[PDB]
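Take a look at this one chain, the form deposited in one PDB entry, written out in structure tokens.
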């Protein structure tokens, strides 16, 4: 049948968490800094020309009065991320995270349950919360219309809760599958919600200007599409399946085409606790065996304070980048799965290092990471 999906997406996330800590930043352009990047910024700096993922040197010569905060430690943001999922998890248990700031919630059961509570008279008092996409007329007798409006009322109540209990503001889109809920969530930023009625679905899909704007099509799939004469959503909508099935394997073909008409069958799935937790760091140069050992120790110390609570992991992953990537894994010995643990671990990770990197030949690494998969 027809679902009611909501996609929640927080405003200028990292910037936002920074301002909830030091409010003296609120009335002043704020950028969150990572190495030589400005990954995000509040909207005050966004009007002054600063943009997401912009070089700190460009961002200083486009806003030289910009205030920088260091947010390379993802600890505070990650805790907030999960505070948000759990608040959403309370409305309905099935919440899918997508990164730190996005959440899908299948509102179908909630919407159903609400209508059946209503009396065949107050089924016209019903209104919309927030924007309606394309400014479309509501037909109160269209059952799907009535459902999506309800879904927008819930969306507003989530958003209200989030503010009341977490102090956070974000956008929501209500629609009938995840692809559409996510494309409509961004129509009014920041801190607004937009609901998408079925009649306005083609409008939305054909409003996109590059196929890479379709959630599902990324860097590579795009360049393979561009190198085929497909540049618009309609160019791909109307293109031939076979040629495309052939070129991209029946899997991705049939799915990005089906996406291109706004069709998304995919359910919303309980994300739950993570399936992995890692620590990254990047640099200009690391060319010694002693520098590698100490970096891999710090990564593992933060990881350890993290690896407490719940479950415990049964695999270790080591990632390098040299100048894409490379990795070497193996399992964690059983008596080691018992929470000093640092000393055996470093030996393992280094053995995994040597396997990958050759010490007697020159080596230049620009990234290290320590991942724990396989939690039990």
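Positions refer to the first chain, counted from 1. Each form is matched to the other, and the largest set of C-alpha atoms that superpose within 1.5 Å is called the rigid core.
- Missing-residue comparison: residue 362 falls in the unmodelled set for a third or more of the other PDB entries checked.
- Judged by the one-third criterion across other entries of this protein, residue 310, modelled here, is also modelled in every one of those that cover both its neighbours.
- Unmodelled stretch separating residue 36 from residue 37: none (count of deposited-sequence residues without coordinates).
- Per the record, residue 339 and residue 340 are separated by 4 to 9 deposited residues that have no coordinates.
- The question of which stretch, 66 to 74 or 308 to 316, has the higher mean Cα B factor is settled in favour of 308 to 316.
- Here 234 to 242 and 138 to 146 are compared by their mean Cα B-factor, and 234 to 242 comes out higher.
- The top Cα temperature factor in the record, among 90, 264, 112, 121, falls on 121.
- Of all the options 172, 259, 248, 196, the entry's greatest CA B-factor is assigned to 248.
- Residue 371: CA B factor lies in the middle third for its chain, per the PDB record.
- Split the chain's modelled residues into thirds by C-alpha temperature factor. Residue 290 is in the highest one.
- Ranked within its chain, residue 10 lands in the lowest third, by CA B factor from the PDB record.
- Residue 227: CA B factor in the middle third of modelled residues in this chain (values from the PDB entry).
- In the deposited entry, the Cα temperature factor of residue 220 sits in the top third of values across the chain's modelled residues.
Another form exists, deposited in another entry; not displayed. Remarks below refer to it.
- Looking at 275, 137, 288, 265 after a core superposition between the shown form and the other one, you find that only 288 has a C-alpha shift of 2 Å or more.
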